[PDB]
>>> print(open('final_38.cif').read())   # mmCIF, C-alpha atoms
data_coords
loop_
_atom_site.group_PDB
_atom_site.id
_atom_site.type_symbol
_atom_site.label_atom_id
_atom_site.label_comp_id
_atom_site.auth_asym_id
_atom_site.auth_seq_id
_atom_site.Cartn_x
_atom_site.Cartn_y
_atom_site.Cartn_z
ATOM 1 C CA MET A 302 26.982 -67.123 -40.558
ATOM 2 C CA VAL A 303 23.206 -67.061 -40.012
ATOM 3 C CA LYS A 304 21.794 -65.920 -43.362
ATOM 4 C CA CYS A 305 19.168 -63.423 -42.122
ATOM 5 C CA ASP A 306 20.152 -59.904 -43.129
ATOM 6 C CA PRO A 307 20.967 -57.570 -40.215
ATOM 7 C CA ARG A 308 19.547 -54.631 -42.094
ATOM 8 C CA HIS A 309 16.134 -56.317 -41.492
ATOM 9 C CA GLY A 310 16.074 -55.362 -37.768
ATOM 10 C CA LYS A 311 17.886 -53.865 -34.825
ATOM 11 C CA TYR A 312 20.641 -54.993 -32.522
ATOM 12 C CA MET A 313 19.894 -55.455 -28.817
ATOM 13 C CA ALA A 314 23.156 -57.054 -27.520
ATOM 14 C CA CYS A 315 26.785 -57.701 -28.667
ATOM 15 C CA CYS A 316 29.966 -59.461 -27.446
ATOM 16 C CA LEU A 317 33.328 -59.069 -29.267
ATOM 17 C CA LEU A 318 35.872 -61.827 -28.839
ATOM 18 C CA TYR A 319 39.397 -60.938 -30.063
ATOM 19 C CA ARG A 320 42.546 -63.024 -30.283
ATOM 20 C CA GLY A 321 46.180 -62.370 -31.154
ATOM 21 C CA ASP A 322 47.585 -58.931 -32.054
ATOM 22 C CA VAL A 323 44.873 -56.637 -30.582
ATOM 23 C CA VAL A 324 45.129 -53.720 -28.132
ATOM 24 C CA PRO A 325 42.160 -52.209 -26.295
ATOM 25 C CA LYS A 326 42.184 -48.662 -27.724
ATOM 26 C CA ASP A 327 42.028 -50.027 -31.256
ATOM 27 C CA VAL A 328 38.930 -51.976 -30.209
ATOM 28 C CA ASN A 329 37.273 -49.052 -28.345
ATOM 29 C CA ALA A 330 37.646 -47.031 -31.582
ATOM 30 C CA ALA A 331 36.391 -49.958 -33.743
ATOM 31 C CA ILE A 332 33.305 -50.177 -31.474
ATOM 32 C CA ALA A 333 32.693 -46.412 -31.173
ATOM 33 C CA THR A 334 32.644 -45.960 -34.983
ATOM 34 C CA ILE A 335 30.279 -48.922 -35.420
ATOM 35 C CA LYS A 336 28.146 -47.452 -32.614
ATOM 36 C CA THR A 337 28.305 -44.062 -34.459
ATOM 37 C CA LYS A 338 26.794 -45.736 -37.609
ATOM 38 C CA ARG A 339 23.037 -45.608 -36.851
ATOM 39 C CA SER A 340 22.699 -47.678 -39.974
ATOM 40 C CA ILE A 341 24.231 -50.447 -37.780
ATOM 41 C CA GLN A 342 20.974 -49.827 -36.019
ATOM 42 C CA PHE A 343 20.247 -50.664 -32.395
ATOM 43 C CA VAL A 344 16.842 -50.952 -30.675
ATOM 44 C CA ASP A 345 15.972 -47.422 -29.659
ATOM 45 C CA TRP A 346 16.185 -48.283 -25.911
ATOM 46 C CA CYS A 347 19.699 -49.887 -25.927
ATOM 47 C CA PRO A 348 22.570 -47.605 -24.842
ATOM 48 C CA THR A 349 25.410 -49.892 -23.885
ATOM 49 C CA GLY A 350 25.234 -52.388 -26.709
ATOM 50 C CA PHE A 351 28.676 -54.059 -26.466
ATOM 51 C CA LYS A 352 30.674 -56.458 -24.281
ATOM 52 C CA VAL A 353 34.350 -57.075 -25.105
ATOM 53 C CA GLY A 354 36.861 -59.880 -24.686
ATOM 54 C CA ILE A 355 40.557 -59.757 -25.626
ATOM 55 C CA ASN A 356 42.860 -62.870 -25.616
ATOM 56 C CA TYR A 357 46.653 -62.631 -26.065
ATOM 57 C CA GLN A 358 46.804 -66.083 -27.746
ATOM 58 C CA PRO A 359 46.223 -66.508 -31.480
ATOM 59 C CA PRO A 360 44.143 -69.311 -33.029
ATOM 60 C CA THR A 361 46.228 -72.177 -34.283
ATOM 61 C CA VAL A 362 44.853 -74.158 -37.280
ATOM 62 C CA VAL A 363 44.836 -77.842 -38.154
ATOM 63 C CA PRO A 364 47.788 -78.875 -40.442
ATOM 64 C CA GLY A 365 47.421 -79.412 -44.274
ATOM 65 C CA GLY A 366 43.739 -78.234 -44.244
ATOM 66 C CA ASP A 367 41.575 -75.485 -45.602
ATOM 67 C CA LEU A 368 41.981 -72.968 -42.811
ATOM 68 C CA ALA A 369 45.015 -70.650 -42.814
ATOM 69 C CA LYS A 370 46.681 -68.495 -40.123
ATOM 70 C CA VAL A 371 46.064 -64.838 -39.214
ATOM 71 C CA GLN A 372 47.928 -62.445 -36.900
ATOM 72 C CA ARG A 373 44.651 -61.394 -35.245
ATOM 73 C CA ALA A 374 41.084 -62.768 -35.332
ATOM 74 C CA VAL A 375 37.551 -61.875 -34.002
ATOM 75 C CA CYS A 376 34.519 -63.852 -33.080
ATOM 76 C CA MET A 377 31.274 -61.961 -32.326
ATOM 77 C CA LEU A 378 27.931 -62.891 -30.626
ATOM 78 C CA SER A 379 24.961 -60.608 -31.361
ATOM 79 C CA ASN A 380 21.127 -60.824 -30.478
ATOM 80 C CA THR A 381 19.082 -58.958 -33.168
ATOM 81 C CA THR A 382 15.499 -58.326 -34.259
ATOM 82 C CA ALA A 383 16.396 -59.238 -37.926
ATOM 83 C CA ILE A 384 16.229 -63.000 -37.112
ATOM 84 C CA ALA A 385 12.403 -62.708 -36.796
ATOM 85 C CA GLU A 386 12.358 -63.401 -40.570
ATOM 86 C CA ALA A 387 13.810 -66.859 -40.023
ATOM 87 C CA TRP A 388 11.446 -67.570 -37.115
ATOM 88 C CA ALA A 389 8.701 -66.499 -39.558
ATOM 89 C CA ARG A 390 10.248 -69.049 -41.978
ATOM 90 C CA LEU A 391 9.889 -71.703 -39.298
ATOM 91 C CA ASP A 392 6.270 -70.512 -38.783
ATOM 92 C CA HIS A 393 5.375 -70.717 -42.474
ATOM 93 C CA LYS A 394 7.102 -74.094 -43.054
ATOM 94 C CA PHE A 395 5.247 -75.619 -40.049
ATOM 95 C CA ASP A 396 1.845 -74.082 -40.902
ATOM 96 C CA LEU A 397 1.818 -75.259 -44.537
ATOM 97 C CA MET A 398 2.164 -78.992 -43.679
ATOM 98 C CA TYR A 399 0.279 -78.956 -40.332
ATOM 99 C CA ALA A 400 -2.791 -77.447 -42.079
ATOM 100 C CA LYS A 401 -2.791 -80.827 -43.970
ATOM 101 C CA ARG A 402 -1.576 -82.842 -40.857
ATOM 102 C CA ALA A 403 1.246 -84.175 -43.126
ATOM 103 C CA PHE A 404 3.910 -86.381 -41.468
ATOM 104 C CA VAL A 405 2.010 -86.226 -38.089
ATOM 105 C CA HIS A 406 1.484 -90.019 -37.808
ATOM 106 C CA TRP A 407 5.188 -90.694 -37.245
ATOM 107 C CA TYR A 408 5.227 -88.504 -34.050
ATOM 108 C CA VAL A 409 1.794 -89.487 -32.854
ATOM 109 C CA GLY A 410 2.692 -93.189 -33.425
ATOM 110 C CA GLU A 411 5.335 -92.702 -30.732
ATOM 111 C CA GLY A 412 2.409 -91.866 -28.509
ATOM 112 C CA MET A 413 3.140 -88.027 -28.516
ATOM 113 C CA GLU A 414 0.024 -85.833 -28.480
ATOM 114 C CA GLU A 415 -1.678 -83.477 -30.913
ATOM 115 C CA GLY A 416 -2.267 -81.130 -27.943
ATOM 116 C CA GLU A 417 1.500 -80.676 -27.320
ATOM 117 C CA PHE A 418 2.145 -80.196 -31.067
ATOM 118 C CA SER A 419 -0.354 -77.317 -31.116
ATOM 119 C CA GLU A 420 1.129 -75.745 -27.955
ATOM 120 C CA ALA A 421 4.623 -75.738 -29.541
ATOM 121 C CA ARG A 422 3.214 -73.792 -32.516
ATOM 122 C CA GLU A 423 1.309 -71.476 -30.088
ATOM 123 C CA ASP A 424 4.545 -70.817 -28.096
ATOM 124 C CA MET A 425 6.201 -69.748 -31.379
ATOM 125 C CA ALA A 426 3.215 -67.526 -32.221
ATOM 126 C CA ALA A 427 4.005 -65.911 -28.833
ATOM 127 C CA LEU A 428 7.715 -65.817 -29.866
ATOM 128 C CA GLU A 429 6.813 -63.808 -33.016
ATOM 129 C CA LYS A 430 5.185 -61.222 -30.716
ATOM 130 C CA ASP A 431 8.219 -61.400 -28.368
ATOM 131 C CA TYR A 432 10.598 -60.398 -31.244
ATOM 132 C CA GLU A 433 8.085 -57.775 -32.460
ATOM 133 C CA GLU A 434 7.713 -56.032 -29.051
ATOM 134 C CA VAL A 435 11.538 -55.699 -28.500
ATOM 135 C CA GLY A 436 11.448 -54.252 -32.045
ATOM 136 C CA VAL A 437 9.096 -51.399 -30.882
ATOM 137 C CA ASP A 438 10.965 -48.202 -30.069
ATOM 138 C CA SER A 439 9.715 -48.259 -26.495
ATOM 139 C CA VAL A 440 6.307 -46.780 -27.547
ATOM 140 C CA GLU A 441 3.991 -46.069 -24.550
ATOM 141 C CA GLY A 442 1.395 -43.617 -26.054
ATOM 142 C CA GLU A 443 -0.431 -43.149 -29.345
ATOM 143 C CA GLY A 444 2.504 -42.156 -31.630
ATOM 144 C CA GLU A 445 6.156 -41.268 -31.547
ATOM 145 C CA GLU A 446 8.186 -38.085 -31.035
ATOM 146 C CA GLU A 447 11.473 -36.546 -32.107
ATOM 147 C CA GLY A 448 13.742 -33.547 -31.655
ATOM 148 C CA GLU A 449 14.869 -31.145 -34.484
ATOM 149 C CA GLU A 450 16.956 -33.773 -36.280
ATOM 150 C CA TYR A 451 18.200 -37.385 -35.773
ATOM 151 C CA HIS B 299 -52.662 -161.363 -106.953
ATOM 152 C CA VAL B 300 -51.301 -157.772 -107.353
ATOM 153 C CA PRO B 301 -47.437 -157.846 -107.160
ATOM 154 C CA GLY B 302 -45.069 -154.778 -106.974
ATOM 155 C CA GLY B 303 -44.761 -154.673 -103.149
ATOM 156 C CA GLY B 304 -46.784 -153.104 -100.395
ATOM 157 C CA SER B 305 -45.375 -149.839 -98.922
ATOM 158 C CA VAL B 306 -42.250 -148.941 -96.839
ATOM 159 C CA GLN B 307 -41.715 -145.697 -94.835
ATOM 160 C CA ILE B 308 -38.541 -143.513 -94.777
ATOM 161 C CA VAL B 309 -36.618 -142.715 -91.543
ATOM 162 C CA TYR B 310 -36.615 -138.862 -91.452
ATOM 163 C CA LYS B 311 -37.172 -136.530 -88.458
ATOM 164 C CA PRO B 312 -37.401 -132.718 -87.934
ATOM 165 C CA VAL B 313 -34.650 -130.755 -86.051
ATOM 166 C CA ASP B 314 -34.500 -128.097 -83.240
ATOM 167 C CA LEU B 315 -31.964 -126.535 -80.746
ATOM 168 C CA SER B 316 -34.461 -127.180 -77.852
ATOM 169 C CA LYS B 317 -34.440 -123.574 -76.368
ATOM 170 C CA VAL B 318 -31.317 -124.726 -74.445
ATOM 171 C CA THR B 319 -30.197 -122.994 -71.231
ATOM 172 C CA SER B 320 -26.720 -122.306 -69.745
ATOM 173 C CA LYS B 321 -25.051 -119.885 -67.260
ATOM 174 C CA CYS B 322 -23.904 -116.329 -68.031
ATOM 175 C CA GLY B 323 -22.225 -114.052 -65.450
ATOM 176 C CA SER B 324 -21.773 -111.153 -67.993
ATOM 177 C CA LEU B 325 -25.587 -110.942 -68.753
ATOM 178 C CA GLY B 326 -26.333 -109.937 -65.106
ATOM 179 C CA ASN B 327 -24.773 -106.406 -65.532
ATOM 180 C CA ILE B 328 -25.327 -103.144 -67.538
ATOM 181 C CA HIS B 329 -23.805 -100.409 -65.231
ATOM 182 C CA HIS B 330 -20.433 -99.598 -63.578
ATOM 183 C CA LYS B 331 -19.836 -98.732 -59.858
ATOM 184 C CA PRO B 332 -19.480 -95.053 -58.680
ATOM 185 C CA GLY B 333 -15.977 -93.696 -57.756
ATOM 186 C CA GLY B 334 -14.201 -93.589 -54.347
ATOM 187 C CA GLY B 335 -14.032 -90.520 -52.028
ATOM 188 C CA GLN B 336 -11.642 -87.894 -53.609
ATOM 189 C CA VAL B 337 -12.062 -85.333 -50.713
ATOM 190 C CA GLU B 338 -9.870 -84.369 -47.744
ATOM 191 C CA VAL B 339 -11.368 -84.424 -44.189
ATOM 192 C CA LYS B 340 -8.118 -83.954 -42.120
ATOM 193 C CA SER B 341 -7.300 -80.356 -43.139
ATOM 194 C CA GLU B 342 -7.450 -77.532 -40.546
ATOM 195 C CA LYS B 343 -7.301 -73.683 -40.949
ATOM 196 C CA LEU B 344 -4.998 -73.138 -37.883
ATOM 197 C CA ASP B 345 -6.933 -70.264 -36.155
ATOM 198 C CA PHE B 346 -5.345 -69.063 -32.862
ATOM 199 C CA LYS B 347 -8.515 -69.000 -30.660
#
>>> encode(input="final_38.cif", output="structure tokens")
Amino acid sequence: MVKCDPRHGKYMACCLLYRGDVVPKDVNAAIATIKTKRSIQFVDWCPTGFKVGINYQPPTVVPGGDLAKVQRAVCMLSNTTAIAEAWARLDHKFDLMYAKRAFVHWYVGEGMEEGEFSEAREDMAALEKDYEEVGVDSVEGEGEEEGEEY
Amino acid sequence: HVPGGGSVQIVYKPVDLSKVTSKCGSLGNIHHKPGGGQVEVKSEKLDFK
């Protein structure tokens, strides 16, 4: 329900949030088999990727409207390297108009400064390197290493 | 006496348009003005220094 594809990076953190007809074994096995899938890839430093909540109470819906009942439901909250493509979209979209100084006069006519505008873009150029570094497989020499097979 | 009249002269006079002079605003020009400035000066290449 963010459109960036989670194949495009690596999970760091997850929270599962169940409601209704759910028992904790069923969940532990749902999580372990997602954990097993190294296609559901996690950053190569993360071991304990999941946090888990379980409510007894089901979601009710509003009457007459588009959302229908289920016996069990799940929300999920997950931090992932794959969203660096949308931050890169917010880079590119800023850079293309700011190279021309397009729409600037509306903000600067409220007395805001060109200095602050440039620091905001600079903080997001740091943010691109923040997502990129957590994306590194904890490299600390001149290459990477492996056992016999993954 | 010699009758038959003396002489009488005709009223006739030559004509000219007097090299007359007026105003003309259009006569004071032969060339058009050069164009305005078609070039951007605000653009920036966004180098992180």
>>> closest_atom_pairs(input="final_38.cif", of="chain B", to="chain A", cutoff="8 Å", atoms="only C-alpha atoms", output="JSON lines")
{"residue": "B:340", "atom": "CA", "partner": "A:401", "partner_atom": "CA", "distance": 6.4}
{"residue": "B:341", "atom": "CA", "partner": "A:401", "partner_atom": "CA", "distance": 4.6}
{"residue": "B:342", "atom": "CA", "partner": "A:400", "partner_atom": "CA", "distance": 4.9}
{"residue": "B:343", "atom": "CA", "partner": "A:400", "partner_atom": "CA", "distance": 6.0}
{"residue": "B:344", "atom": "CA", "partner": "A:400", "partner_atom": "CA", "distance": 6.4}
{"residue": "B:346", "atom": "CA", "partner": "A:423", "partner_atom": "CA", "distance": 7.6}
>>> write_last_selection(input="final_38.cif", atoms="C-alpha atoms", output="short mmCIF file (atom, residue, chain, number, x, y, z; two decimals), in the frame of the given file")
data_model
loop_
_atom_site.label_atom_id
_atom_site.label_comp_id
_atom_site.auth_asym_id
_atom_site.auth_seq_id
_atom_site.Cartn_x
_atom_site.Cartn_y
_atom_site.Cartn_z
CA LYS B 340 -8.12 -83.95 -42.12
CA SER B 341 -7.30 -80.36 -43.14
CA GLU B 342 -7.45 -77.53 -40.55
CA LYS B 343 -7.30 -73.68 -40.95
CA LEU B 344 -5.00 -73.14 -37.88
CA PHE B 346 -5.34 -69.06 -32.86
#
>>> residues_around(input="final_38.cif", residues="stretch 439-443 of chain A", least_positions_apart="4", cutoff="12 Å", atoms="all atoms listed in the file", output="PyMOL selection string")
chain A and resi 344-347+433-435
>>> resolve_selection(input="final_38.cif", expression="the PyMOL selection byres ((chain A and resi 389) around 12)", output="number ranges by chain")
A: 305, 382-388, 390-396, 422, 425-430, 432-433
>>> atom_distance(input="final_38.cif", atom1="atom CA of residue A:311", atom2="atom CA of residue A:381")
5.5 Å
>>> resolve_selection(input="final_38.cif", expression="the PyMOL selection byres ((chain A and resi 315) around 7)", output="PDB file with C-alpha atoms, in the frame of the given file")
ATOM      1  CA  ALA A 314      23.156 -57.054 -27.520  1.00  0.00           C
ATOM      2  CA  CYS A 316      29.966 -59.461 -27.446  1.00  0.00           C
ATOM      3  CA  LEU A 317      33.328 -59.069 -29.267  1.00  0.00           C
ATOM      4  CA  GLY A 350      25.234 -52.388 -26.709  1.00  0.00           C
ATOM      5  CA  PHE A 351      28.676 -54.059 -26.466  1.00  0.00           C
ATOM      6  CA  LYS A 352      30.674 -56.458 -24.281  1.00  0.00           C
ATOM      7  CA  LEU A 378      27.931 -62.891 -30.626  1.00  0.00           C
ATOM      8  CA  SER A 379      24.961 -60.608 -31.361  1.00  0.00           C
ATOM      9  CA  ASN A 380      21.127 -60.824 -30.478  1.00  0.00           C
TER      10      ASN A 380
END
>>> atom_distance(input="final_38.cif", atom1="atom CA of residue A:355", atom2="atom CA of residue A:336")
18.8 Å
>>> decode(input="final_38.cif", residues="stretch 306-444 of chain A", atoms="C-alpha atoms", output="PDB file, in the first residue's frame")
ATOM      1  CA  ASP A 306       8.394  -3.113  -5.022  1.00  0.00           C
ATOM      2  CA  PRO A 307       9.894  -5.033  -2.078  1.00  0.00           C
ATOM      3  CA  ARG A 308      11.976  -7.119  -4.423  1.00  0.00           C
ATOM      4  CA  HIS A 309      13.972  -3.874  -5.010  1.00  0.00           C
ATOM      5  CA  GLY A 310      15.689  -4.053  -1.575  1.00  0.00           C
ATOM      6  CA  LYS A 311      15.971  -5.759   1.771  1.00  0.00           C
ATOM      7  CA  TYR A 312      13.923  -5.813   4.928  1.00  0.00           C
ATOM      8  CA  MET A 313      15.431  -4.446   8.145  1.00  0.00           C
ATOM      9  CA  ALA A 314      12.418  -4.518  10.554  1.00  0.00           C
ATOM     10  CA  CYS A 315       8.852  -5.978  10.776  1.00  0.00           C
ATOM     11  CA  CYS A 316       5.794  -5.885  13.089  1.00  0.00           C
ATOM     12  CA  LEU A 317       2.775  -8.203  12.556  1.00  0.00           C
ATOM     13  CA  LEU A 318      -0.554  -7.070  13.933  1.00  0.00           C
ATOM     14  CA  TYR A 319      -3.253  -9.795  14.001  1.00  0.00           C
ATOM     15  CA  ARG A 320      -6.909  -9.642  14.964  1.00  0.00           C
ATOM     16  CA  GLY A 321      -9.707 -12.165  15.407  1.00  0.00           C
ATOM     17  CA  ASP A 322      -9.286 -15.938  14.957  1.00  0.00           C
ATOM     18  CA  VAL A 323      -5.473 -16.284  15.312  1.00  0.00           C
ATOM     19  CA  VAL A 324      -3.369 -18.494  17.607  1.00  0.00           C
ATOM     20  CA  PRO A 325       0.349 -17.987  18.237  1.00  0.00           C
ATOM     21  CA  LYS A 326       1.751 -21.242  16.803  1.00  0.00           C
ATOM     22  CA  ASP A 327       0.047 -20.576  13.483  1.00  0.00           C
ATOM     23  CA  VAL A 328       1.795 -17.194  13.432  1.00  0.00           C
ATOM     24  CA  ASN A 329       5.229 -18.543  14.507  1.00  0.00           C
ATOM     25  CA  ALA A 330       4.985 -20.970  11.549  1.00  0.00           C
ATOM     26  CA  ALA A 331       3.756 -18.204   9.173  1.00  0.00           C
ATOM     27  CA  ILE A 332       6.789 -16.099  10.217  1.00  0.00           C
ATOM     28  CA  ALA A 333       9.352 -18.941  10.171  1.00  0.00           C
ATOM     29  CA  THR A 334       8.435 -19.916   6.576  1.00  0.00           C
ATOM     30  CA  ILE A 335       8.603 -16.282   5.424  1.00  0.00           C
ATOM     31  CA  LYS A 336      11.943 -16.005   7.255  1.00  0.00           C
ATOM     32  CA  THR A 337      13.026 -19.261   5.484  1.00  0.00           C
ATOM     33  CA  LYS A 338      12.349 -17.590   2.055  1.00  0.00           C
ATOM     34  CA  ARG A 339      15.621 -15.688   1.439  1.00  0.00           C
ATOM     35  CA  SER A 340      13.818 -14.265  -1.540  1.00  0.00           C
ATOM     36  CA  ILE A 341      11.835 -12.329   1.135  1.00  0.00           C
ATOM     37  CA  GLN A 342      15.287 -10.933   1.618  1.00  0.00           C
ATOM     38  CA  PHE A 343      16.556  -9.270   4.779  1.00  0.00           C
ATOM     39  CA  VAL A 344      19.632  -7.036   5.200  1.00  0.00           C
ATOM     40  CA  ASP A 345      22.500  -9.432   5.739  1.00  0.00           C
ATOM     41  CA  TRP A 346      23.053  -8.202   9.347  1.00  0.00           C
ATOM     42  CA  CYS A 347      19.427  -8.609  10.615  1.00  0.00           C
ATOM     43  CA  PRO A 348      18.702 -11.814  12.572  1.00  0.00           C
ATOM     44  CA  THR A 349      15.554 -11.145  14.534  1.00  0.00           C
ATOM     45  CA  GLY A 350      13.491  -9.393  11.904  1.00  0.00           C
ATOM     46  CA  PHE A 351       9.969  -9.665  13.392  1.00  0.00           C
ATOM     47  CA  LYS A 352       7.810  -8.279  16.210  1.00  0.00           C
ATOM     48  CA  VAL A 353       4.324  -9.736  16.750  1.00  0.00           C
ATOM     49  CA  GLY A 354       0.994  -8.549  18.109  1.00  0.00           C
ATOM     50  CA  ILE A 355      -2.155 -10.663  18.525  1.00  0.00           C
ATOM     51  CA  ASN A 356      -5.613  -9.176  19.437  1.00  0.00           C
ATOM     52  CA  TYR A 357      -8.623 -11.358  20.343  1.00  0.00           C
ATOM     53  CA  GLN A 358     -11.089  -8.775  18.926  1.00  0.00           C
ATOM     54  CA  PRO A 359     -12.025  -8.725  15.240  1.00  0.00           C
ATOM     55  CA  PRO A 360     -12.346  -5.550  13.143  1.00  0.00           C
ATOM     56  CA  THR A 361     -15.896  -4.367  12.789  1.00  0.00           C
ATOM     57  CA  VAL A 362     -16.795  -2.479   9.561  1.00  0.00           C
ATOM     58  CA  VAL A 363     -18.998   0.517   8.847  1.00  0.00           C
ATOM     59  CA  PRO A 364     -22.591  -0.461   7.775  1.00  0.00           C
ATOM     60  CA  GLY A 365     -23.786  -0.440   4.076  1.00  0.00           C
ATOM     61  CA  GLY A 366     -20.247   0.416   2.774  1.00  0.00           C
ATOM     62  CA  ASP A 367     -17.515  -1.050   0.660  1.00  0.00           C
ATOM     63  CA  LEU A 368     -15.634  -2.941   3.340  1.00  0.00           C
ATOM     64  CA  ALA A 369     -16.809  -6.435   4.334  1.00  0.00           C
ATOM     65  CA  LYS A 370     -16.145  -8.667   7.374  1.00  0.00           C
ATOM     66  CA  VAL A 371     -13.444 -11.314   7.899  1.00  0.00           C
ATOM     67  CA  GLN A 372     -12.928 -13.910  10.647  1.00  0.00           C
ATOM     68  CA  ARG A 373      -9.267 -12.887  11.013  1.00  0.00           C
ATOM     69  CA  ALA A 374      -7.203  -9.942   9.719  1.00  0.00           C
ATOM     70  CA  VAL A 375      -3.524  -8.709   9.694  1.00  0.00           C
ATOM     71  CA  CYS A 376      -1.882  -5.357   9.549  1.00  0.00           C
ATOM     72  CA  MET A 377       1.913  -5.209   9.057  1.00  0.00           C
ATOM     73  CA  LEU A 378       4.596  -2.464   9.501  1.00  0.00           C
ATOM     74  CA  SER A 379       7.915  -3.028   7.700  1.00  0.00           C
ATOM     75  CA  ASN A 380      11.106  -0.775   7.186  1.00  0.00           C
ATOM     76  CA  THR A 381      12.861  -1.767   3.894  1.00  0.00           C
ATOM     77  CA  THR A 382      15.682  -0.678   1.595  1.00  0.00           C
ATOM     78  CA  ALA A 383      13.343  -0.948  -1.494  1.00  0.00           C
ATOM     79  CA  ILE A 384      11.746   2.461  -0.678  1.00  0.00           C
ATOM     80  CA  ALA A 385      15.021   4.188  -1.737  1.00  0.00           C
ATOM     81  CA  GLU A 386      13.508   4.189  -5.264  1.00  0.00           C
ATOM     82  CA  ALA A 387      10.710   6.484  -4.138  1.00  0.00           C
ATOM     83  CA  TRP A 388      13.114   8.746  -2.227  1.00  0.00           C
ATOM     84  CA  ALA A 389      15.079   8.821  -5.510  1.00  0.00           C
ATOM     85  CA  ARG A 390      11.755   9.817  -7.154  1.00  0.00           C
ATOM     86  CA  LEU A 391      11.480  12.686  -4.693  1.00  0.00           C
ATOM     87  CA  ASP A 392      15.127  13.577  -5.519  1.00  0.00           C
ATOM     88  CA  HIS A 393      14.568  13.603  -9.281  1.00  0.00           C
ATOM     89  CA  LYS A 394      11.242  15.510  -9.117  1.00  0.00           C
ATOM     90  CA  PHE A 395      12.846  18.223  -6.912  1.00  0.00           C
ATOM     91  CA  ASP A 396      16.076  18.490  -8.951  1.00  0.00           C
ATOM     92  CA  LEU A 397      14.336  18.915 -12.327  1.00  0.00           C
ATOM     93  CA  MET A 398      12.363  22.050 -11.291  1.00  0.00           C
ATOM     94  CA  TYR A 399      14.921  23.509  -8.823  1.00  0.00           C
ATOM     95  CA  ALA A 400      17.594  23.488 -11.582  1.00  0.00           C
ATOM     96  CA  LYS A 401      15.218  26.052 -13.251  1.00  0.00           C
ATOM     97  CA  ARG A 402      14.172  27.656  -9.850  1.00  0.00           C
ATOM     98  CA  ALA A 403      10.529  27.002 -10.942  1.00  0.00           C
ATOM     99  CA  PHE A 404       7.782  27.804  -8.388  1.00  0.00           C
ATOM    100  CA  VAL A 405      10.425  29.175  -5.899  1.00  0.00           C
ATOM    101  CA  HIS A 406       8.928  32.706  -5.707  1.00  0.00           C
ATOM    102  CA  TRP A 407       5.824  31.509  -3.858  1.00  0.00           C
ATOM    103  CA  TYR A 408       7.949  30.145  -0.921  1.00  0.00           C
ATOM    104  CA  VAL A 409      10.516  32.900  -0.979  1.00  0.00           C
ATOM    105  CA  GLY A 410       7.677  35.500  -1.087  1.00  0.00           C
ATOM    106  CA  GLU A 411       6.691  34.193   2.348  1.00  0.00           C
ATOM    107  CA  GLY A 412      10.139  35.313   3.374  1.00  0.00           C
ATOM    108  CA  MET A 413      11.584  31.685   3.510  1.00  0.00           C
ATOM    109  CA  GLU A 414      15.213  31.394   2.382  1.00  0.00           C
ATOM    110  CA  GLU A 415      17.036  29.855  -0.563  1.00  0.00           C
ATOM    111  CA  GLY A 416      19.670  28.639   1.939  1.00  0.00           C
ATOM    112  CA  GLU A 417      17.130  26.460   3.833  1.00  0.00           C
ATOM    113  CA  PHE A 418      15.698  25.122   0.539  1.00  0.00           C
ATOM    114  CA  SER A 419      19.175  23.926  -0.471  1.00  0.00           C
ATOM    115  CA  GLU A 420      19.824  22.357   2.961  1.00  0.00           C
ATOM    116  CA  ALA A 421      16.570  20.338   2.705  1.00  0.00           C
ATOM    117  CA  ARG A 422      17.776  18.913  -0.632  1.00  0.00           C
ATOM    118  CA  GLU A 423      21.263  18.296   0.901  1.00  0.00           C
ATOM    119  CA  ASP A 424      19.679  16.432   3.883  1.00  0.00           C
ATOM    120  CA  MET A 425      17.906  14.160   1.361  1.00  0.00           C
ATOM    121  CA  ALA A 426      21.171  13.638  -0.543  1.00  0.00           C
ATOM    122  CA  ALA A 427      22.462  12.418   2.857  1.00  0.00           C
ATOM    123  CA  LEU A 428      19.257  10.306   3.192  1.00  0.00           C
ATOM    124  CA  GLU A 429      20.041   8.544  -0.132  1.00  0.00           C
ATOM    125  CA  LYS A 430      23.411   7.538   1.370  1.00  0.00           C
ATOM    126  CA  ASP A 431      21.658   6.544   4.639  1.00  0.00           C
ATOM    127  CA  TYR A 432      19.406   4.032   2.755  1.00  0.00           C
ATOM    128  CA  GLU A 433      22.392   2.872   0.654  1.00  0.00           C
ATOM    129  CA  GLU A 434      24.673   2.130   3.661  1.00  0.00           C
ATOM    130  CA  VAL A 435      22.001   0.013   5.512  1.00  0.00           C
ATOM    131  CA  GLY A 436      21.723  -1.744   2.121  1.00  0.00           C
ATOM    132  CA  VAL A 437      25.450  -2.796   2.297  1.00  0.00           C
ATOM    133  CA  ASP A 438      25.914  -6.319   3.619  1.00  0.00           C
ATOM    134  CA  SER A 439      27.992  -5.064   6.525  1.00  0.00           C
ATOM    135  CA  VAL A 440      31.133  -4.777   4.299  1.00  0.00           C
ATOM    136  CA  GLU A 441      34.277  -3.732   6.267  1.00  0.00           C
ATOM    137  CA  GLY A 442      37.149  -4.753   3.874  1.00  0.00           C
ATOM    138  CA  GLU A 443      37.805  -4.764   0.139  1.00  0.00           C
ATOM    139  CA  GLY A 444      35.294  -7.452  -0.997  1.00  0.00           C
TER     140      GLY A 444
END
